[PDB]
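Residue numbers (PDB author numbering), protein chains in the order written: chain q, 28 to 242, 262 to 529; chain z, 17 to 526; chain Z, 17 to 525. All C-beta atoms, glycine included, are put in the ideal place defined by N, C-alpha and C. Written out below as structure tokens is the structure these notes cover.
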Amino acid sequence: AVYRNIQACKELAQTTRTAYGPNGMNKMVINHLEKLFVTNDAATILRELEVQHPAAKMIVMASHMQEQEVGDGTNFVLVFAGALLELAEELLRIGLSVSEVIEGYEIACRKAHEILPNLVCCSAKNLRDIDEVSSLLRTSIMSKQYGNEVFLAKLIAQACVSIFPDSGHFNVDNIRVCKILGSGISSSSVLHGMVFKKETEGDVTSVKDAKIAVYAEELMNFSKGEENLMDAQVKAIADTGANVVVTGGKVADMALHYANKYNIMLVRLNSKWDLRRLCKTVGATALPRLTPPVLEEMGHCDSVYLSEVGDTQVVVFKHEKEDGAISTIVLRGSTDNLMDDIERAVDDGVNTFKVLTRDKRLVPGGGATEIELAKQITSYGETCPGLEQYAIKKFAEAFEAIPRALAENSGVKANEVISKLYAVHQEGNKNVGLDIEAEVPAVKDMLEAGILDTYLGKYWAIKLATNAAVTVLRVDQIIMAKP
Amino acid sequence: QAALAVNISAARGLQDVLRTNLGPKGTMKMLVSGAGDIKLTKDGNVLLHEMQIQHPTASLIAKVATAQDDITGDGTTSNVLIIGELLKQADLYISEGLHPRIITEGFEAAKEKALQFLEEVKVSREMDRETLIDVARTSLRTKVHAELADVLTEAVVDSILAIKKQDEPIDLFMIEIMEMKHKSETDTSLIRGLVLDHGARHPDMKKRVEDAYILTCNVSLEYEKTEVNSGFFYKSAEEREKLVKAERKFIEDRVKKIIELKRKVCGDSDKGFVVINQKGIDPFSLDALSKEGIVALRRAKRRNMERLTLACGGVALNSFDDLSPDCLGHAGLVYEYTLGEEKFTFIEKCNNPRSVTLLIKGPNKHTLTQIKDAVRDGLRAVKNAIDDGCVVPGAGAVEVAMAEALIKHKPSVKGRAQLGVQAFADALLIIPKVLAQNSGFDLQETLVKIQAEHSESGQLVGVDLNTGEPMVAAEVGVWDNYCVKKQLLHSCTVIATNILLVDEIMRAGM
Amino acid sequence: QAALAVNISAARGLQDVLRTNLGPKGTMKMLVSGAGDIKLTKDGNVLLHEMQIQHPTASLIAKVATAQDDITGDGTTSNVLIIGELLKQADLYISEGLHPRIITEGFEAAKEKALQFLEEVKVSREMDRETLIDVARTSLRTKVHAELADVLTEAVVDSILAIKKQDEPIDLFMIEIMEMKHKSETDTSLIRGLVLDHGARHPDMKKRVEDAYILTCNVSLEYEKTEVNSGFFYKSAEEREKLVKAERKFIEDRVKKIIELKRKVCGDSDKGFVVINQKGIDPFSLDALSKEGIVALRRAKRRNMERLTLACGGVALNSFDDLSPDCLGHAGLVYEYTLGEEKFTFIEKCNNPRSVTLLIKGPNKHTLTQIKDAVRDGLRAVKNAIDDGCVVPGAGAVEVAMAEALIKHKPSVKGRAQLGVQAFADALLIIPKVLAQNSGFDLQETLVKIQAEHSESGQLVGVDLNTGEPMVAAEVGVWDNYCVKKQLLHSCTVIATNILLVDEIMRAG
Ligand SMILES: Nc1ncnc2c1ncn2[C@@H]1O[C@H](COP(=O)(O)OP(=O)(O)O)[C@@H](O)[C@H]1O
Ligand SMILES: Nc1ncnc2c1ncn2[C@@H]1O[C@H](COP(=O)(O)OP(=O)(O)O)[C@@H](O)[C@H]1O
Ligand SMILES: Nc1ncnc2c1ncn2[C@@H]1O[C@H](COP(=O)(O)OP(=O)(O)O)[C@@H](O)[C@H]1O
């Protein structure tokens with residue numbers, strides 16, 4: 028019952044085999060909440076595509092580890108692992124054992140970790156400039172949202188440069204993205220602090236308060271008593287001194303009058319996820335009752351005011367006296383489906399440089415370093431005696447499936463690409479990757495184009511991918527139990 | 017006779033199942049729980065005690081590993097393989113017309129000859145650090161990916177030596193197991209003291225204290241009920257909060273003596289104090305003790321308070337009215353390590369805590385629970401090596417040397433009993449045959465190789481899992497416990513007796 | 017591997033069929049021809065050569081026993097028993113993953129080791145009356161119903177001893193086997209002379225002749241064609257009678273030519289004359305020769321004329337015009353034997369016949385055919401005993417001693433072939449397991465006692481069928497031939513080598 032596990036993981040790769048690269052195909056994602064989505068992100072497929080075959084889940088948990096400590100290489104987990112087991116079936120057809128093949132991959136993983144630093148050609152300059160971040164973030168824009176290589180390269184760079192001076196404090200949790208209905212990507216902008224699209228309900232312009240609190263005769267008597275009840279609540283807020291009150295629910299017409307009576311800025315936020323962002327930044331939590339005057343659950347902010355950017359009244363929550371490391375990228379888009387696809391490409395770019403906060407090392411992509419890595423591992427496999435030759439030799443051919451995906455997804459023949467990728471590297475022309483062109487099957491230097499991946503990303507992508515192929519091959523039979 | 021053939025063919029299938037997961041070259045098996053949890057493991061006891069089997073007969077064999085795990089904790093994989101091959105060989109003799117009872121007496125005679133031969137192979141050498149390293153490597157290899165072999169070998173061995181001295185009887189309760197995420201699998205290490213789950217929640221607590229005194233208590237310092245014969249005599253809601261302070265007055269005064277106990281017991285600088293109260297503490301009470309630099313913990317488990325008495329020495333106090341410095345413990349570098357998810361307190365650097373904690377680190381739960389199985393399986397093998405100083409060479413060296421003895425053994429009980437000895441000898445030889453397939457070598461080449469080795473002195477050869485050559489298991493560092501092999505000769509024969517003694521099968525309401 | 021499992025279980029079923037007819041205490045098998053013929057026998061050659069089996073794989077094993085019976089003449093039942101057990105034990109290792117090629121190498125080593133073991137235990141005892149009776153007891157006991165043992169034992173022994181002198185090799189054509197009905201089964205004895213089917217039938221013949229000169233002839237004494245340039249031409253029935261007067265001159269004148277030779281060669285009293293002409297004879301020639309004390313026989317077989325030349329010594333004649341005294345023979349007592357219905361000629365007490373007659377007697381047809389094969393199977397067992405000066409002990413005593421030599425034997429060629437020797441050891445021990453069941457005793461308890469028998473000497477131990485204890489086959493008079501076991505181990509290894517090496521079974525038309 029071993030091949031049934033290989034056929035299970037083989038099918039999971041063929042779905043994301045086409046979503047790889049910039050010319051990859053989109054996916055008709057039907058959400059469980061009676062919603063329709065269209066994208067080409069491989070990470071979102073598995074979240075919705077419920078693969079119940081537990082043999083393939085080991086590859087998914089490896090892809091989930093590709094989200095921790097790194098934010099790229101998800102296709103590497105599914106493609107490289109899926110190609111490893113496809114060729115592993117060719118070995119067992121001859122009559123090889125499972126342990127010798129596992130041990131051969133355990134050795135090849137150590138040989139691959141030593142060749143990758145040799146192929147590190149260039150890296151970042153560590154200047155904290157906008158041209159440095161935008162020029163290198165072109166790799167994150169690839170295969171997540173094509174065509175916006177110019178727009179998002181500078182937009183993402185503007186939010187990270189504000190935090191790079193805070194050495195060792197750059198995080199993806201500090202960059203919260205917002206999206207507003209608009210014409211297109213041209214109306215996008217970048218702002219500091221937390222910016223929310225909802226306008227200010229009150230007529231208060233600016234306030235530097237730190238206290239931010241997030242939340262027939264008888265017929266006319268109780269109707270006016272409610273007006274005294276609401277006034278007593280804003281008076282309770284005035285007793286606390288909170289000039290900025292963030293409302294999670296609905297606001298009465300009389301509350302707008304009392305909010306301006308005591309000079310209290312009143313802001314409404316219907317989105318719960320936007321309210322959760324305030325819990326982790328200023329310290330103010332959302333209380334369920336009608337405005338509890340709890341001075342302990344109020345946050346701390348140096349300045350709060352209303353702004354208008356792109357013809358949209360938006361409230362600003364920045365920190366002038368403190369250091370400040372929060373940035374908000376406000377994108378504009380007419381279609382909510384495609385507008386969210388851009389939101390994911392932004393998170394992919396923020397996390398790419400979050401790993402570059404460590405030792406900055408980059409490797410060219412596009413089939414350049416993967417064949418150079420497969421060319422050197424094959425050299426160790428030819429001279430290394432013993433029965434490990436069949437596993438190490440095929441471990442190099444597993445690296446070939448990735449440029450084969452870049453070839454087929456680009457409409458280019460897969461065999462002609464690898465034949466030319468091996469000829470240029472036989473002559474020593476390193477850093478030569480496949481040129482993205484539907485008509486030109488030729489190749490060129492990717493370093494001259496400005497395509498550079500993360501050295502620290504390929505490490506964990508090759509390790510988690512090979513360890514998953516070991517975990518799936520060690521299990522030769524799946525047996526059900528009833529607790 | 018056809019009714020007996022069912023139990024034979026029933027365990028034959030269970031033999032083909034648990035034969036591929038023996039040794040490090042063997043395969044793993046998955047446990048599909050159906051609720052959302054997946055487990056990976058090699059130990060046969062885990063594949064049967066928690067698993068439910070299709071056939072009814074094989075379900076009885078599952079209880080053998082349940083009783084076997086309580087004695088030794090290992091070897092359950094090889095127990096079913098000996099049982100599967102015994103009844104496989106016995107079927108060839110019953111097919112000719114022999115009764116099963118005659119074959120059982122043959123095994124009863126082979127048990128003594130095989131058990132008596134065990135006295136010669138075992139070695140009474142002194143167990144030391146270099147000897148147990150050979151033992152831990154033999155067990156943990158079958159539970160990891162050939163990478164955590166040297167990592168966990170040094171942890172399990174040092175955990176045992178640090179909790180047993182002067183021929184003291186050892187116990188497994190002294191070793192606590194902990195798991196943590198957001199780390200790599202090769203970062204497994206040991207802890208001098210005990211890692212606590214719930215820490216302190218206040219910014220004014222000392223992140224790490226080089227030296228602090230411990231105080232064991234079970235008094236809740238939160239807003240508690242009334243202790244004396246009184247009540248809530250009030251007239252409005254504002255007066256209700258006034259008597260809340262009265263129910264807190266008995267609580268607030270008890271915390272003021274804690275500061276007095278700290279000031280009297282080393283109230284000078286370069287000192288510290290750490291409270292280990294199991295019950296909750298109010299944020300106001302923590303605010304009073306945090307000013308003095310007292311790192312007070314709350315919401316701990318009952319198991320840690322019992323271990324805290326052994327590690328720290330502070331005696332549990334039930335009331336602060338009887339607060340005395342006699343029940344004060346002591347700890348070394350008391351700190352709280354910051355991880356990616358939560359914070360956990362450490363009380364390491366104790367002189368003799370009589371309890372260690374093997375801190376396991378892994379990214380996934382199925383990987384974290386797999387190593388948890390390797391710890392308890394690797395620890396008991398070393399527990400059986402020290403409590404029983406006699407150990408034997410693995411690699412099937414005991415089974416092959418025993419099998420060679422049974423062929424050269426005359427009938428000392430009965431005449432036809434020799435046939436069962438011929439079958440019991442061919443059963444023990446399945447261990448080198450099983451490991452030959454998991455290694456990928458020829459099943460027959462491995463057998464005659466280790467069998468062709470003869471000399472005029474002690475010569476116990478074994479299987480080379482990597483090459484297949486006949487290799488000495490004693491020199492390369494492979495050793496097994498005396499009680500493990502002892503139970504195989506008693507479990508496999510007693511169980512195989514009960515299966516062959518079944519004549520007919522009747523449905524009692526099924 | 018599946019191509020072997022169909023062939024493996026095909027022999028296992030064939031093992032359970034023929035195991036119940038090994039030895040005397042075993043059962044018999046019936047042969048239903050469908051036309052009306054029914055037969056009973058234990059010899060495996062008849063259960064496989066004349067019988068039709070459903071499986072083609074088992075049909076190939078039938079041709080092995082057919083050729084085995086042509087060489088040694090016995091032991092074909094145990095040949096298939098070892099074959100069925102060789103593949104049974106080979107399947108135990110094939111399930112573990114051993115290729116059949118290495119197992120054949122193990123049988124090749126044990127076959128040569130066991131063949132060397134026969135050279136050590138074989139006994140070159142002198143051939144005489146007392147020793148051959150012990151051998152013929154082994155061959156005929158398994159072909160009868162435990163009553164014709166002592167009866168037929170003396171027959172086959174003295175039959176071969178009569179035709180063996182001057183170091184001449186043995187020939188089976190020197191024995192004329194005849195059958196007689198209307199008598200009991202225990203009356204089977206030996207006839208020194210030759211028995212003829214048809215004899216003289218006339219009242220004027222002598223009942224017995226103490227001494228007579230036998231004249232060999234081949235001349236036709238019935239109505240024949242014209243011997244001169246003429247033919248049969250007539251016009252009526254009366255004219256046809258005149259041609260009888262002419263044609264009979266060629267027959268009647270030849271009767272007197274025998275009378276002229278009678279008065280010439282010993283025409284006095286105390287003498288006799290016997291004509292053994294192969295052709296038919298007219299009654300006028302019988303009456304003419306019967307009065308002269310001349311016994312005229314007719315309707316003899318072609319082979320009987322060949323033996324008749326040896327009995328008396330008279331050379332075969334083809335014409336009475338070429339008659340001479342040189343072709344006259346001589347014999348002793350010549351008489352006629354009387355059965356319930358028919359009568360036969362007996363010319364016993366010959367001078368130098370060099371050809372004996374084993375006269376079989378039985379009341380039924382199906383029972384006479386059972387003894388028909390036991391004679392050919394009994395004569396050939398002792399034939400190999402004298403031609404092969406060495407013999408081996410019976411009672412399955414070779415198998416239990418062979419198991420001791422092969423277990424105490426390591427291959428000097430490779431290691432993995434040692435297991436093929438282990439299988440060949442348990443395959444040879446099936447014979448004491450089979451006979452223990454045919455005797456009605458426990459299968460394994462009989463094997464323990466014969467295997468446990470050991471001593472500091474050369475000890476031959478076998479199987480006792482009457483009690484079940486260890487029996488020394490040399491002390492009880494239980495012996496076999498040396499060529500039987502030699503052909504057994506030489507044959508059974510070749511067939512197991514040819515079948516186990518079959519990788520696939522393709523349907524070729
Ligand atoms: N235009 C391009 N030129 C060269 N390589 C590309 C291009 N577009 C995508 N790639 C390759 O595709 C790989 C996957 O990119 P990305 O989508 O950011 O990660 P993931 O596939 O894990 O989401 C990168 O390693 C990169 O080398
Ligand atoms: N490479 C090896 N060399 C020698 N012996 C081995 C090897 N691998 C496994 N064994 C033997 O297999 C036996 C059982 O191991 P394991 O499966 O871990 O325990 P259990 O069978 O009780 O679950 C051990 O006693 C050990 O001697
Ligand atoms: N009464 C007996 N007890 C023990 N062994 C016997 C007995 N009769 C025959 N045998 C053995 O059985 C074998 C086969 O004998 P036989 O019947 O003559 O050949 P087959 O069985 O092939 O017809 C012989 O080798 C002989 O040693």
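**OP:** For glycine 174 (chain q), verify whether its CB is less than 7 Å away from any heavy atom of ligand 1.
**Re:** no
**OP:** Please go through the same chain and pick out, in chain order, the residues whose beta-carbon is closer than 7 Å to the beta-carbon of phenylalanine 64 (chain q), but skip the five residues on each side of it.
**Re:** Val56, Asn58, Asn383
**OP:** Report the residues of the region 158-179 of chain z with a CB closer than 9 Å to any CB of chain q, ordered along the chain.
**Re:** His161, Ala162, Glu163
Original post:
Hey, does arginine 432 (chain Z) have any beta-carbon neighbour from chain z nearer than 8 Å?
Top reply: yes
Original post:
Just by C-beta distance, which residues in the region 45-79 of chain z are closer than 8 Å to chain q?
Top reply: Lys45, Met46, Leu47, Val48, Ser49, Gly50, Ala51, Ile54, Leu56, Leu63, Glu66, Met67, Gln68
Original post:
Sorted by chain position, which residues of the same chain lie with C-beta nearer than 7 Å to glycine 412 (chain Z)'s C-beta, five sequence neighbours on each side aside?
Top reply: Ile447, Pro448, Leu451, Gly478, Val479
Subject >> As assigned by DSSP and simplified to three states, the class of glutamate 352 (chain Z) >> reply: strand
Original post:
Would you call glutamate 240 (chain Z) buried or exposed, if buried means 16 or more other Cβ atoms sit within 10 Å of its Cβ?
Top reply: exposed
Original post:
Between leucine 459 (chain z) and chain Z, is there a C-beta pair that is closer than 8 Å?
Top reply: yes
**OP:** Specify whether the region 217-232 of chain Z and the region 393-408 of chain Z touch according to this definition: at least 3 beta carbon pairs, one from each stretch, less than 8 Å apart.
**Re:** no
Subject >> Per-residue DSSP class, three states only, for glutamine 70 (chain z) >> reply: coil
**OP:** Look at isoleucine 168 (chain q) and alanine 180 (chain q) and say whether their C-beta atoms are less than 8 Å apart.
**Re:** yes
**OP:** Using DSSP bridges, identify the partner residues of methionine 46 (chain z).
**Re:** q:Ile524, z:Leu56
Original post:
Since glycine 294 (chain q) and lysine 238 (chain q) are thought to touch, with beta carbons under 8 Å apart, how far apart are those beta carbons, to the nearest angstrom?
Top reply: Not confirmed; about 17 Å, so no contact.
Subject >> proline 40 (chain z) Cβ short of 7 Å to ligand 2 heavy atom set >> reply: yes
Original post:
In chain q, which residues lie with their C-beta within 9 Å of the C-beta of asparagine 454 (chain z)?
Top reply: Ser124, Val125, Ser126
Original post:
Per DSSP, what kind of secondary structure is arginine 404 (chain q) in: helix, strand or coil?
Top reply: coil
**OP:** Have a look at Z:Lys197, Z:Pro341, Z:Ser155 and flag the residue whose alpha-carbon is nearest the alpha-carbon of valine 391 (chain Z).
**Re:** Z:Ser155
Original post:
For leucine 422 (chain z), which residues does DSSP report across the bridge?
Top reply: Answer is none; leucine 422 (chain z) lacks a bridge partner.
Subject >> Where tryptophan 319 (chain q) falls, given that 16 or more other Cβ within 10 Å makes a residue buried >> reply: exposed
Original post:
Is it true that the CB of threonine 512 (chain q) sits closer than 8 Å to the CB of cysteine 136 (chain q)?
Top reply: yes
**OP:** Please name the residue or residues paired with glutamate 240 (chain Z) in a DSSP beta bridge.
**Re:** Per DSSP, none; premise fails for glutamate 240 (chain Z).
**OP:** Using a Cβ-Cβ cut-off of 8 Å, state whether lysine 377 (chain z) counts as contacting chain q.
**Re:** no
Original post:
Would the beta-carbon of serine 155 (chain Z) be found less than 7 Å away from any heavy atom of ligand 3?
Top reply: yes
**OP:** Tell me whether the beta-carbon of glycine 457 (chain q) lies closer than 8 Å to the beta-carbon of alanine 484 (chain q).
**Re:** yes
Original post:
Roughly how far, in whole angstroms, is the beta-carbon of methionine 276 (chain q) from the beta-carbon of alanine 298 (chain q), given that I think they are within contact range, below 8 Å?
Top reply: 6 Å
**OP:** Within the same chain, show all residues whose beta-carbon is closer than 6 Å to that of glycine 89 (chain z), passing over the 5 residues directly before and after it, in chain order.
**Re:** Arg396
Subject >> Closest residue to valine 104 (chain q) among q:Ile524, q:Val97, q:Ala89 (Cα-Cα distance) >> reply: q:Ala89
Original post:
Would you say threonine 202 (chain z) reaches chain q, if we count a Cβ-Cβ gap shorter than 8 Å as a contact?
Top reply: no
Original post:
Hey, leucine 321 (chain q) and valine 204 (chain q): beta-carbon distance below 8 Å or not?
Top reply: no
Subject >> Interface flag, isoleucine 118 (chain Z) vs chain z, CB-CB below 8 Å >> reply: yes
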